[PDB]
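Given next are the chains, with one letter for each unit.
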Amino acid sequence: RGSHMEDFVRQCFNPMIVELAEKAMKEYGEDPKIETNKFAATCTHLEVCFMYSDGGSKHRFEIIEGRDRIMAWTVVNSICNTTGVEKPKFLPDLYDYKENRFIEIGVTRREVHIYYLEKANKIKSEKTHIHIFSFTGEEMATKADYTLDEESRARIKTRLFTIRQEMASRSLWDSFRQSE
Ligand SMILES: COc1cc(CCNC(=O)c2nc(-c3cccc(C(F)(F)F)c3)[nH]c(=O)c2O)ccn1
Ligand SMILES: [Mn+2]
Ligand SMILES: [Mn+2]
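Residues numbered from 1 in each chain as written, not as in the entry; some residues may be left out. Chains lettered and ligands numbered in written order. Heavy atoms only, no water. Residues with missing side-chain atoms left out of burial classes, pairs and counts.

**Section: the coordination of the manganese ion (ligand 3)**
In step 1: Coordination of the manganese ion (ligand 3) by the protein involves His-45 (NE2), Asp-93 (OD), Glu-104 (OE) and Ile-105 (O), with metal-donor separations of 2.1 to 2.4 Å.
In step 2: Classification of the site at the manganese ion (ligand 3) as irregular follows from its six donor atoms and the range of 71 to 170° in their angles at the metal. (Donors = N, O, S within 2.8 Å, 3.2 Å for Na, K, Ca; no water. Tetrahedral: all angles 85-135°; square planar, octahedral: opposite > 155°, others 65-115°.)

Put into structure tokens, the structure is as follows:
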């Protein structure tokens with residue numbers, strides 16, 4: 001209790017995103033009061049996922065991340081049963097109604113190369129698109145198909161570097177980097 005990471009997450013991120021990240025950690029047996037770095041990562045991942053869905057058209061994306069585990073699996077069943085795409089192994093983040101594929105969003109504190117390899121080895125049915133962002137402004141997507149336009153993607157990298165900057169200004173970034 002009483003971690004600077006917790007008060008920064010509550011001050012930096014959206015109240016709804018903080019609430020959405022708290023439920024996800026509660027449900028998966030984690031405690032944002034103590035597991036404060038994973039609390040900051042869950043909030044960051046949520047925000048990026050929400051800006052990404054805002055980058056396309058109105059009915060472009062279906063948001064999977066940010067729903068309770070049971071409701072998230074229900075909507076992918078409807079997506080699989082009306083489109084014909086195969087059921088993803090683990091839960092993804094989005095679905096592309098324009099490109100007809102699921103999307104896996106990733107935010108990393110390392111080389112964009114390593115994370116995607118990790119995210120690719122657990123989805124052997126490589127039908128799901130994988131998209132990595134980085135806190136240093138680098139990105140990395142499947143088949144070089146970065147899905148969105150450059151302006152929407154650049155907005156994501158800008159916000160990511162602001163979070164890393166605010167984290168470092170409070171001497172929190174060093175603990176956040178050497179923990180992923
Ligand atoms: C906190 O609730 C959870 C939930 C799960 C299963 C569901 N998870 C996802 O869907 C997911 N998780 C991450 C992620 C972010 C930081 C650290 C880690 C890891 F260190 F645990 F690997 C993963 N990034 C994504 O992009 C992503 O989609 C697992 C654990 N905790
Ligand atoms: Mn997810
Ligand atoms: Mn993800």
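Once the structure has been displayed, the description carries forward.
**Some thoughts on helix α4 (residues 69–83)**
In step 1: With 15 residues, α4 should cover 21 Å at 1.5 Å per step; its first-to-last C-alpha distance of 21 Å lies within 8% of that length.
In step 2: Of the residues one or two after α4, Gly-84 is the one with positive phi, at around 110°. (Helix = DSSP H or I, 4+ residues; strand = E, 2+ residues; numbered from the N terminus. Expected span 1.5 Å × (residues − 1).)

**Considerations on the nonpolar core**
Buried together is how nonpolar side chains tend to be arranged in soluble globular proteins.
In step 1: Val-9, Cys-43, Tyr-52 and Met-167 are the most contacted members of the largest nonpolar core, which totals 31 residues.
In step 2: Looking at this core, the elements that each hand over two or more residues are α1 (4–12), α2 (15–27), α3 (36–53), β3 (101–108), α6 (150–169) and α7 (173–177).
In step 3: Of all the elements, α3 adds the most residues to this core, at eight residues.
In step 4: Grouped together as the second largest cluster of nonpolar side chains are eight residues, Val-75, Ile-79, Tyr-95 and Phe-102 included. (Core = buried A, V, L, I, M, F, W, Y, C linked by side-chain atoms within 4.5 Å. Buried < 20%, exposed > 50% of the residue type's maximum accessible area, 1.4 Å probe, protein only.)

**Examining the site of ligand 1**
In step 1: As a matter of local geometry, ligand 1 sits amid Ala-24, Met-25, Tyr-28, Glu-30, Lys-38, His-45, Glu-65, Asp-93, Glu-104, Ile-105 and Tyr-115.
In step 2: Between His-45 and ligand 1, the recorded distance is 2.6 Å, taken from a side-chain N or O atom to an oxygen atom.
In step 3: Within the side chain of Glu-104, a nitrogen or oxygen atom sits 3.0 Å from an oxygen atom of ligand 1.
In step 4: Look at ligand 1: alone it shows 620 Å² of surface, and the protein chains cover 60% of it.
In step 5: For the shell around ligand 1, the secondary structure elements donating two or more residues are α2, α3 and β3.
In step 6: Its residues assigned to classes, the shell around ligand 1 shows five nonpolar, one polar and five charged. (Near = heavy atom within 4 Å. Polar contact = N/O pair within 3.5 Å; in protein donor to acceptor, adjacent residues only side chain to side chain. Areas by Shrake-Rupley, 256 points an atom, 1.4 Å probe, with all protein chains shown as cover. Nonpolar A, V, L, I, M, F, W, Y, C, P; charged D, E, K, R; others polar.)

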